[PDB]
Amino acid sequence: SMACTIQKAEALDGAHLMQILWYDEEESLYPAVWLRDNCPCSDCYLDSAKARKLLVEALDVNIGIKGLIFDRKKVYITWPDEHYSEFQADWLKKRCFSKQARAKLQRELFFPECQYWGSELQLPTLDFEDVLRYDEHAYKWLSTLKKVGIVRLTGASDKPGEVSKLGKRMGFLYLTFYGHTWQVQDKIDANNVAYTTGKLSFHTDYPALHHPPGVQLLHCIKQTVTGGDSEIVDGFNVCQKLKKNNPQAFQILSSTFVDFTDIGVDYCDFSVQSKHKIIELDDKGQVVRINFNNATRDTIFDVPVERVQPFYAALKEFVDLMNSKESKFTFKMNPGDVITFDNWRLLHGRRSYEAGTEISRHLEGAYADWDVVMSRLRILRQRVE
């Protein structure tokens, strides 16, 4: 295209910048040091790995272009030490340092589109076997998981092993002290409040870890009629409402380190401790993760005494908002259903049910790392486009 065709290339700014004038009349600028650092020749770049061999030690940070020629599709550069580089037009164009170009590329890499939701949620639903068999369906699955935060898959079996198939479709699951996969059932000497018939209030899984699981997979093998309905809420949507309604409570929860703990025996013996802010913000003040399980929050609370009661007051306000009828979405899982969701963004819970002489309710769960998921999503997108 005219946008990707070179009209003129020139060294500017004491030879420290290259400027490309494109055939659409737009101009791009490329620092000489960045071009040299990204030389694609075999000395500098290992093509089989698509990786940089060039060392920092080799890079003159004050380098300027010694000579430059070009045609419509490439630039050819000589360097002061006689090194020689070639750069393709389309490669340069994609990597333009303009804010618009950089932002476009970041969108393509990280899929930031987010659709916030309340009690009006239309639970995205796909077929399990279709997702396993067809790239178009697996793509819709992971893209929707990223954007909405949850997808339900229907028509799995009523036998263990289904979350493992989804894990292989992603790449691999995320092993924790509760196993490769884990069985949510009422257990004698339960090592986790999950493994009882009690109500689970809204929580994220595993804030006792530094790096809580990014994605959760939960498959219904057996369901009870006595209770055990599912509830979910969009934590990012809730945090937005909290900041607006109660900025003091938002400030406390986004700045206060809370200790989490887990001790017991499952896959192996464990004694786990972490610290997190319940509302975890990026450097720009945007919420990126919620870290909260009331069951594993430690008895240890490392704050001065005067900060304690205001913390709990803040926390109450947050949970009250999560529970509001405008925020929460309630549903019942049947055998064969699987939900896959963003464990950093949603909070989830379940209603109490009745104990029995044999197991009346059984879910099999597993976790996946967001990096594993995003990798597969990038591959799938390329395959489908």
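All residue numbers refer to positions in the sequence shown, first residue = 1. The term rigid core refers to the most C-alpha atoms you can superpose between the two forms while keeping them within 1.5 Å.
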query	finding
More shifted region, core-based fit in 8 other deposited structures of this protein, 140-148 vs 158-166 by CA	158-166
Between the two ranges 105-113 and 194-202, the one averaging a larger CA B factor in the entry	105-113
Stretch with the greater mean C-alpha B-factor as recorded in the entry, comparing 369-377 against 5-13	5-13
Candidate set 352, 357, 38, 343 [ranked by C-alpha B-factor, highest]	357
Top Cα B factor in the deposited entry, candidates 181, 248, 237, 299	248
B-factor third for the C-alpha atom of residue 128 within its chain	highest
Cα B factor band for residue 244 (lowest, middle or highest third within the chain)	highest
Within-chain third of residue 267 by Cα B-factor, per the entry	middle
Modelled-residue ranking by C-alpha temperature factor, third containing residue 122	highest
Among modelled residues of the same chain, the CA temperature factor third for residue 289	lowest
